[PDB]
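In: Take these chains first, placed just as they are in the complex:
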Amino acid sequence: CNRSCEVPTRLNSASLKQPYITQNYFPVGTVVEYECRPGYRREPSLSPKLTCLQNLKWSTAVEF
Amino acid sequence: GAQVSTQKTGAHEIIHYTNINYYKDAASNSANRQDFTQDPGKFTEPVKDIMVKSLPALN
Amino acid sequence: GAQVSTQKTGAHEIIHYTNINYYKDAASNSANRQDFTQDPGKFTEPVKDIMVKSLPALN
Amino acid sequence: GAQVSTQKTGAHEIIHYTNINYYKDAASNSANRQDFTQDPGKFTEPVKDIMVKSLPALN
């Protein structure tokens, strides 16, 4: 029962991969990774990763 | 920096009012409801060789 | 102790406004959004031996 | 019956304000925060036979 984050930010063009999409209990420092929603393509100038910070909120994630 | 105009009043029987503009923009001002001029010479009589109204204007 | 300036208006087709300062401090005043001057001669052309723009400026 | 003074402003880089007294009593007025004079000659140097500061001031 450590401190945990919320569900990661639902983007309208990106969904989570499949070790992360089911499991709860995101501790601090945990990185999660997104994949393109099926019909889309990657923007190579942006890295699709999100770190949960000390204040139990994810980093800013906009459009991957 | 005030300006004094006349109020719209009845006829056959010149009262003044005051106006001060407070804001820095021209879109902020009150609407100009005191321009009564007209010129219906571009809609009526829109012709060349301007007619006389006493002549038959043909032949 | 009022001062009268001009309102920002459109071109190709001088309306005045008034302003009175009420408070004792200079930080209390309204913002000065009517200074339009510029001088891009310290960022562009930042050189010594000022060029001519018609000469090749070398050799 | 207004009076115009200067606003307190910064140095090295005269803006006026207005004030009108509305009430009949002198205790009603705003506080006088613009008197900057001083005289520390009654607390420092509080002596008779005023010294010179270049002489030894004794013997």
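Out: Received the coordinates, thanks. Residues are numbered from 1 along each chain as shown, chains lettered A, B, ... in the order given.

In: The residue in chain A that chain D sits nearest to - how many residues pack around it?
Out: As assessed by CB to the nearest CB, chain D sits closest to residue A:60 within chain A, at 39.7 Å. C-betas here are computed from N, CA, C, even on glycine. Look at residue A:60: counted by other CB atoms under 10 Å in any protein chain shown, it has 7 neighbours.

In: Contacts only, for residue 6.
Out: I'll assume chain A. A:26, A:56, A:57, A:58 (CB atoms under 8 Å, 6 or more residues apart in numbering or on different chains).

In: my question was about chain B
Out: So residue B:6 contacts B:14, B:15, B:16, B:17 (CB under 8 Å, 6+ apart).

In: Mind putting the residues you listed into TSV with secondary structure, distance to residue C:44 and neighbour count?
Out: Below are those laid out as TSV (DSSP: H, G, I helix; E, B strand; the rest coil; distance: CB to CB, whole Å; neighbours: other CB atoms under 10 Å in any protein chain shown):
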residue	secondary structure	distance to residue C:44	neighbour count
B:14	coil	60	5
B:15	coil	60	7
B:16	strand	55	8
B:17	strand	53	10
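
In: rewinding a little: could you work out the most separated pair of the contacts of residue A:6?
Out: A:26 and A:57 (10.9 Å; CB to CB).

In: So which of these two has more stuff around it?
Out: residue A:26 (20 against 11).

In: tell me which element the residue of chain A closest to chain D is part of?
Out: Using DSSP states H and E, no element contains residue A:60; it sits outside every helix and strand.

In: do you know how far it is from residue B:51?
Out: 75 Å (CB to CB, to the nearest Å).

In: Next: residue B:16.
Out: From residue B:16 to residue B:51 the distance is 44 Å (CB to CB).

In: So residue A:8 sits against residue A:51, correct?
Out: No - using CB atoms under 8 Å, residue A:8 is not in contact with residue A:51, being 10.6 Å away.

In: any common contacting residues for those two?
Out: What both residue A:8 and residue A:51 touch, as defined by CB under 8 Å, 6+ apart, is the set residue A:58.

In: More neighbours: the two, which one.
Out: More crowded of residue A:8 and residue A:51, by other CB under 10 Å: residue A:8, with 20 against 12.

In: Can you name the residues that contact that one?
Out: A:16, A:20, A:26, A:32, A:50, A:58, A:61.

In: following sequence is chain E, place it on the structure:
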Amino acid sequence: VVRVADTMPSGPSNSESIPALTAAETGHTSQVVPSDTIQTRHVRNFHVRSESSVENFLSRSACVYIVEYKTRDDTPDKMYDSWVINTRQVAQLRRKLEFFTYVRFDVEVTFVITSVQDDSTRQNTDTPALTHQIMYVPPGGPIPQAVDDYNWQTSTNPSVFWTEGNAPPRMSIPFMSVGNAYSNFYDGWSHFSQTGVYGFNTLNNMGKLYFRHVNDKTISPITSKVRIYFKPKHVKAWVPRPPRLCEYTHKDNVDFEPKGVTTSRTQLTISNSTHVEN
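Out: If we add chain E to the chains shown above, we get the following:
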């Protein structure tokens, strides 16, 4: 606008002029300009002694007392509250006034009134807006004894009515003193035989304030708390005074616990720090 004094340039000197050697035994503060001992340069100084003046030092709205009173109590003495007017029950404004010995000013007075619903069984009500009355009694007048007394009828006494939700009340009061200035410190007695009460308590004589709810007895208890904010203005002060070191003990005297001069040290010389390592 009176700027501070400037620094004038100087040079080398070898003469019988000695600004440094003075006699501090003559009750005299030496007036050594910094250009008199070292070689200085021309500095045109633009500093203004503005926010150190007595008006800029004292004209802030300080706080002097808190007053609590209820609107439904079984005892009739907690349905209103009083306060004899002094400025000596909060230490900050008291110390700031006790920089000086005699002062003379007008007072701009503000009340900040807040009401809290007390605890009861029937706590779900629909209460209209509360109305307060703040009555001033000059020294010697008739005093109320209940909330429904007819001594509250304010025919001559200045009283201020306030409705909950608006701006706080504010009124100015002129120099209400019988002397030529107020007395922060009075070294004397009340009776001519040098008996009686000692100190500044003989010279207060300011009258008192009275507070009540204008509304009738409600069906649920509500306490209200009013904070008096004095704010001196048009101020003059005379014969200054060293600031008080020790802590206050009462409002009617200057009696104190003996405190030392300052915070201690470990040795009388200074050196570099002896902490951890390079």
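
In: OK, now which residue of chain E is nearest to chain C?
Out: Nearest to chain C, among the residues of chain E, is residue E:50, at 11.4 Å (CB to the nearest CB).

In: mind pulling up the phi and psi values for that residue?
Out: phi -90, psi -50 (degrees, to the nearest 10).

In: can you tell me which residues contact it?
Out: Applying CB under 8 Å, 6+ apart, we find residue E:50 in contact with D:8, D:36, E:56.

In: Residue B:47 now?
Out: So residue B:47 contacts nothing (CB under 8 Å, 6+ apart).

In: same thing with the one 4 residues further on?
Out: With contacts defined as CB under 8 Å, 6+ apart, residue B:51 is in contact with B:45, B:57.

In: how near is it to chain C?
Out: 33 Å (CB to the nearest CB, to the nearest Å).

In: Likewise for residue A:47?
Out: Using CB to the nearest CB, one gets 35 Å for the distance from residue A:47 to chain C.

In: Just want the residue of chain B that's nearest chain E.
Out: Per CB to the nearest CB, residue B:22 is where chain B lies closest to chain E, at 24.3 Å.

In: these two touch, right, that residue and residue C:18?
Out: Yes - using CB under 8 Å, residue B:22 is in contact with residue C:18, at 7.0 Å.

In: Compute the number of surrounding residues for residue E:123.
Out: 10.

In: Next: the one 4 residues further on.
Out: Per other CB under 10 Å, the neighbour tally for residue E:127 reads 14.

In: hang on, isn't it packed against residue E:221?
Out: No - using CB under 8 Å, residue E:127 is not in contact with residue E:221, being 11.3 Å away.

In: related to what we said a few turns ago, please convert the contacts of residue E:50 to CSV, extending it with distance to residue D:45 and neighbour count.
Out: Shown next, in CSV, are the contacts of residue E:50 (distance: CB to CB, whole Å; neighbours: other CB atoms under 10 Å in any protein chain shown):
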residue, distance to residue D:45, neighbour count
D:8, 30, 18
D:36, 21, 15
E:56, 25, 17
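
In: which element is the residue of chain A at minimum distance from chain C on?
Out: Nearest to chain C in chain A, going by CB to the nearest CB, is residue A:45, at a distance of 29.6 Å. Secondary structure from DSSP H and E places residue A:45 outside every helix and strand.

In: Where does chain B get nearest to chain D, residue-wise?
Out: residue B:1 (14.5 Å).

In: while you're at it, add chain F from this line:
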Amino acid sequence: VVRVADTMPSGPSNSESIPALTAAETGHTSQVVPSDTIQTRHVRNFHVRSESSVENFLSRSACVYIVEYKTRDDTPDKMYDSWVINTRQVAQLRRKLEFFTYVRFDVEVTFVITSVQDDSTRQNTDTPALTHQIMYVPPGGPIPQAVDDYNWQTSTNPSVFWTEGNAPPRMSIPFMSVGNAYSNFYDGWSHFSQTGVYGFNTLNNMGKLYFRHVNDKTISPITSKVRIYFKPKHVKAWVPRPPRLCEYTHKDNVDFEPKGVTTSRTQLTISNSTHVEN
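Out: If we add chain F to the chains shown above, we get the following:
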């Protein structure tokens, strides 16, 4: 009113005057008027560089932080909230200020205060209008530690009281800095041995704000949220700076994740579109 520069007419040319061939190696932006390479006509231009000036660019009421605090909590630390004043926790106003290196302005400050009734069993109340206190502490002053502390008595600190339902509070603040201008970027250390803390964190030193409900402890929990709106005015700026490319990570440094220069393409030449058909 300073209009933009006009276009003068031109004609054919065959001479040793070459405005096009320049040397961009001399740190020099060429000043080729459009009438120098092609034949132009007389255009009397009426455009005004008004809404690109530094005052018209920075004087908007931006947002800097959100502050939450409750009116009935079991822990005494969530009954009030604080914020050390910087302008570096929202990226928009931070980036707009980081166009320039040194700035100098006055701040017009607005609070937008909203209260939400929290969830409880006894949710049907009859609550009077809430009252908020917003207290500013200059750098070094005494800080409160509870909602009923006597450090809130605002005798010298500027504090602003607000009643629910009125216009939002607004006050102006002059240039509260010890240098000749503010510093958006400081490349140095705190200690003279070039140790300590690095960057602009040495030069903040602004003091902090404190927020509480003036009312007593209510019978039901209400949270309030206050939004500080800074709005710079009387602005001057010096030595400009390229705008920041990468995203911010903290409020006390400039540390970043390396982002590329721009959005990519598929090939280095352009052509017509290769989509569906005629």
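
In: ok chain F is in now, so what about the neighbour count of residue A:60?
Out: 11.

In: where exactly do the strands run in chain A?
Out: A:14-16, A:31-36, A:49-51 (DSSP state E).

In: Put together a markdown table for the ones you listed, with distance to chain E on each row.
Out: Listed next are those as a markdown table, based on distance: least, CB to the nearest CB, whole Å:
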| stretch | distance to chain E |
| --- | --- |
| strand A:14-16 | 48 |
| strand A:31-36 | 37 |
| strand A:49-51 | 35 |
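
In: just those: most buried one?
Out: strand A:14-16 (a mean of 18; mean count of other CB atoms under 10 Å in any protein chain shown).

In: So which residues on chain A come close to chain F?
Out: Remark: the part of chain A in contact with chain F comprises A:43, A:44, A:45, A:46, A:47, A:60, using CB under 8 Å from any CB of the partner chain.

In: rerun at 6 Å
Out: Taking CB under 6 Å from any CB of the partner chain as the measure of proximity, chain A contacts chain F at A:44, A:45.

In: For chain E, what is the nearest residue in chain A?
Out: For chain A, CB to the nearest CB, closest residue to chain E: residue A:54, 28.4 Å.

In: what's the spacing between that residue and chain F?
Out: Taking CB to the nearest CB, one finds residue A:54 at 11 Å from chain F.

In: ok, now residue E:146?
Out: 25 Å.

In: can you tell me which residues contact that residue?
Out: Residues in contact with residue E:146 (CB atoms under 6 Å, 6 or more residues apart in numbering or on different chains) are residue E:76.

In: quick revisit: run a quick neighbour tally on the residue of chain A closest to chain E.
Out: Neighbour tally, residue A:54, other CB under 10 Å: 8.

In: Not counting sequence-adjacent ones, nearest residue to it?
Out: residue A:28 (6.2 Å; CB to CB, 6 or more residues apart in numbering or on different chains).

In: neighbours around that neighbour, how many?
Out: With other CB under 10 Å as criterion, residue A:28 counts 14.

In: Might you report the residue contacts of residue E:206?
Out: residue E:85.

In: Can you classify it by secondary structure?
Out: Using DSSP: H, G, I helix; E, B strand; the rest coil, the structure places residue E:206 in coil.

In: Residue E:268: neighbour count?
Out: 5.

In: Provide the secondary structure category for residue E:225.
Out: Using three-state DSSP, the secondary structure recorded for residue E:225 is strand.

In: That'll do, ta.
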